[PDB]
């Protein structure tokens, strides 16, 4: 009689289809998904420090739009800009807006230190009904609108040395009046000039007079510029009119901070990886949720599914 001894392997009733080099569809006993395809729909507020911009863009929080006063001196790992955000101060633009937004976002801080420039011969603290703060005509909190004093605007030539151990970021602007008459009412002379310089950089701007479409009844515009002053360097401001003066400097840092456009709510949870859709788990190596990511994130791919076999070929009876 003797015996029979048979060698074999297991099989399962519920196999999984995977792709190989030679076969588009082959069934194995088990597999695991390598593409994360869902988020939880909220941005977890740990471990990264999240600052919800609410109604404010980062640039409006920087300049000091009155609805953004709560953001003064705040810090973030990720600033979240909402699509509902709107400006509600004096109409402005920023040449190379995207770069100023980027450099502030990457710095991660709106810490601001006031400085005494000692503006002599001019009127400080100009305001506008386009920029209401506490039911009163106001202006960007970090900017100083200088105008004539006694129908004189004597030329300004002001120095501010950087005697610190860190870089200073100065934000300033030029006022473009709507008409030649407005130019006189404000600056008591027809042609303003601005020259802002350091030992290693110079920026000279000329106001451009003319009508722009009225925003909160203002046909004028301010154009925003910035200047970085290194330790041992000097800020030199030289102007005969139309200067929107800085009130101090921002600390500029280097680190891991950034900015993201998202409408996802903030949640009390922990997740390393943030997308505009919400946080996603980061166990898998790939994801198809969003090419925009922040943190320890799977890599974005154009595949909805990639199944890795974790078992042998499934061969049922």
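Numbering follows the first chain given and starts at 1.
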**OP:** Return whichever of 95-103 and 217-225 has the greater mean Cα B factor according to the PDB record.
**Re:** 217-225
Original post:
In the PDB record, does 29-37 or 263-271 carry the higher mean Cα temperature factor?
Top reply: 263-271
Original post:
From 113, 83, 211, 109, which pick has the Cα B-factor that tops the rest in the entry?
Top reply: 211
Original post:
Reading the B-factor column of the entry, which of 90, 76, 170, 145 has the highest value at its C-alpha atom?
Top reply: 145
Subject >> Modelled-residue ranking by C-alpha temperature factor, third containing residue 1 >> reply: highest
Original post:
Of the three thirds of its chain by CA temperature factor, lowest, middle or highest, which one includes residue 67?
Top reply: highest
Original post:
Once the chain's modelled residues are ordered by C-alpha B factor and cut into thirds, is residue 256 in the lowest, middle or highest one?
Top reply: middle
